[PDB]
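# sequence, then structure. It's an experimental one.
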Amino acid sequence: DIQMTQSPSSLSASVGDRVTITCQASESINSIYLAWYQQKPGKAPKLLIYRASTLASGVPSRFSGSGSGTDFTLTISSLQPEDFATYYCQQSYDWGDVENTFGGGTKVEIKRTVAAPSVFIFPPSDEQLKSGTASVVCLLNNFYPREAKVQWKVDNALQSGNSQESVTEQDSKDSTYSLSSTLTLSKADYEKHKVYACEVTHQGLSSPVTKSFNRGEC
Amino acid sequence: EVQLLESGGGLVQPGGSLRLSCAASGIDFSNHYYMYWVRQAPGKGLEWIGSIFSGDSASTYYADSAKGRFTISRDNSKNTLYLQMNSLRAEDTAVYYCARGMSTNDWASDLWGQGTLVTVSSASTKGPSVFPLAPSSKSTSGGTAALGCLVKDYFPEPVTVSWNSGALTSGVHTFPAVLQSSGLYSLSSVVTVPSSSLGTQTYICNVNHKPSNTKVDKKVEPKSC
Amino acid sequence: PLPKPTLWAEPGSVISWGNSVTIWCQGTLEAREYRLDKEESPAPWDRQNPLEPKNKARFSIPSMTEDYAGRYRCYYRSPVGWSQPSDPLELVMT
């Protein structure tokens, strides 16, 4: 076949940096059949470069590509927070007996100054208790880096196996993350205790932050 | 301008068959172009399925994986491209795109469709339940306050959550869906607001789950204590 | 199938010394690139990118010399592979 290899898979670069992505081919291809694609999370792909060096319509000037034969590059001369995306090279030279015309992808993450999270807590609504389930949400808002430690506690009892975390994508302006830990209990166990605590540990916090609410009362 | 519109996606049982459509709305000068089918599995990379050439030969090319199971055809009577998917397995669940590459761009895909989701599961559509994430009278971490909506127990993806009919965008964070132990989806949509606004502004989260025609408008208000 | 290319020269296949001859090769609209193969010469004698449209390619010789004399055969590369060679084109000099 023809394997298109990209490098690196992941990279962390700061705003204003000059990043360079590489795309290798298992055999020489004509440069005119080599293109670059950007894919912001959840969006459709987008054409950046074609013929390995030609900027496409509506593509910012800070993008450029070069290369010939087996090795190609894509360069971002002044990296921007919105350039957080995954980048694919693709070839239109040889199809047939080919697994993928695309490379593996290059995920570009924006490095940033540290930001402590703002922690919140949400008790179950009376509407959800009527269903017999209790969902308790803890919100970590606008933090960097992505690594955080969220531990649930119910009447000082450390919980495990009953919570799930969702993490946002890097924000296209301040390059921060937001995290939600949702604690799912039955209405039985929820009415079996009084204090529900969310203890958050982060790099930006000198000491952990604990958010707790006493059940029913304020 | 040219436009690529996709359809045919949705839920389908393992071992079944499905057909996506790509209707090319309008046209400009191309006269020589390919139509590609590309899919993206959850969190995985872009996968090229195959192309079809616009000429009378209607040459069709396929990936190594896709030969035999997938078939690309054309209906000029409606100017629609088809992707016939057979013997579907769970690992075939992905968002599917069709793209156009003109000869003048040396076959580079400048035009891309929105993408349609094909979920391969022996499970049924379920609409979500929407619950408020009420801001506690103490939750105001100083001058900022958080509130949101809990969109729980839906299937399949996706849901779209707007705030105040699209008028509240700053400070909104809608998290990716996480699959629960029950095979159903759940996500929260939150927004940070000035504590002073809890007596001036009304906060209504607008949830839309197209697969189930569900459309909920939950008003989030501070729980009166 | 990969229909085989049509290979011809202009103004003609017999060209005096010092004059211009243009060897034309015609493929399909999906041609990726073209090459020109000459007998008793290490392959390929020349390879060229397609035109727009990709139907035909152009090999030009501005001043015909005795080096350019012989039999040429043109191939074109489809997205799948190279094609069966064209019918031979002999280039006689006078």
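Thanks, I have the structure now. Numbering: from 1, shown residues only, chains lettered A, B, ... in the order given.

# alpha carbons only for contacts and neighbour counts from here, please
OK.

# so who does the nearest residue to residue A:7 once chain neighbours are set aside touch?
Excluding the flanking residues, the one nearest residue A:7 by CA to CA, 6 or more residues apart in numbering or on different chains is residue A:22, at 5.4 Å. Residue A:22 is in contact with A:6-8, A:71-74, counting by CA atoms under 8 Å, 6 or more residues apart in numbering or on different chains.

# burial of residue 40, as a residue count?
Defaulting to chain A. Using other CA atoms under 10 Å in any protein chain shown, residue A:40 has 17 neighbouring residues.

# ah, I was thinking of chain C
Neighbour tally, residue C:40, other CA under 10 Å: 9.

# about what we covered before: tell me which strands whichever strand or helix holds the residue nearest to residue A:7 pairs with, and in which orientation.
Take DSSP states H and E as the rule and residue A:22 turns out to sit in strand A:19-29. Here strand A:19-29 has these sheet partners by DSSP bridges: strand A:4-7 (antiparallel), strand A:63-76 (antiparallel).

# tell me which of these sits most buried.
With neighbours taken as mean count of other CA atoms under 10 Å in any protein chain shown, the strands paired with strand A:19-29 reach their highest mean count in strand A:4-7, at a mean of 20.

# and the contacts of that strand?
For strand A:4-7, the surrounding residues in contact (CA under 8 Å, 6+ apart) are A:21-26, A:88-90, A:100-106.

# likewise for stretch B:86-99?
For stretch B:86-99, contacts defined as CA under 8 Å, 6+ apart pick out A:44, B:4, B:6, B:13-18, B:22, B:34-42, B:69-70, B:109-121.

# which parts of that stretch are buried?
The neighbour-count check on stretch B:86-99 (16 or more other CA atoms under 10 Å in any protein chain shown) flags B:86, B:88-89, B:92-99 as buried.

# from those residues, which two are the most distant?
For the buried residues of stretch B:86-99, with distances taken as CA to CA, the pair at the greatest spread is B:89 and B:99 (24.0 Å).

# got a list of what residue 92 touches?
The chain I'm using is chain A. Per CA under 8 Å, 6+ apart, neighbours of residue A:92: A:33-34, A:101, B:106-108, C:79.

# not what I meant, chain C
C:13-15, C:69-70.

# what does residue B:152 give?
B:128-131, B:185-187.

# check for me that residue A:128 belongs to a helix.
Yes: counting by DSSP: H, G, I helix; E, B strand; the rest coil, residue A:128 is found in a helix.

# helix/strand/coil for the residue in chain A that chain C sits nearest to?
Distances between chain A and chain C by CA to the nearest CA are smallest at residue A:94, namely 4.7 Å. Using three-state DSSP, the structure places residue A:94 in coil.

# so how do I select the buried members of the contacts of strand A:4-7 in PyMOL?
Remark: buried members of these, expressed as a PyMOL selection using 16+ other CA under 10 Å:
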select buried, chain A and resi 21+22+23+24+25+88+89+90+100+101+102+103+104+105+106
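
# could you confirm residue A:32 falls within a strand?
No: read with three-state DSSP, residue A:32 is helix and lies in no strand.

# chain A contacts on chain C?
Residues of chain C lying close to chain A by CA under 8 Å from any CA of the partner chain are C:32, C:78-81.

# try 7 Å this time
Counting by CA under 7 Å from any CA of the partner chain, the residues of chain C lying close to chain A are C:32, C:79-80.

# try chain B
B:45-48, B:61-65, B:105-110, B:112, B:114-115, B:131-134, B:139, B:175-176, B:178, B:225.
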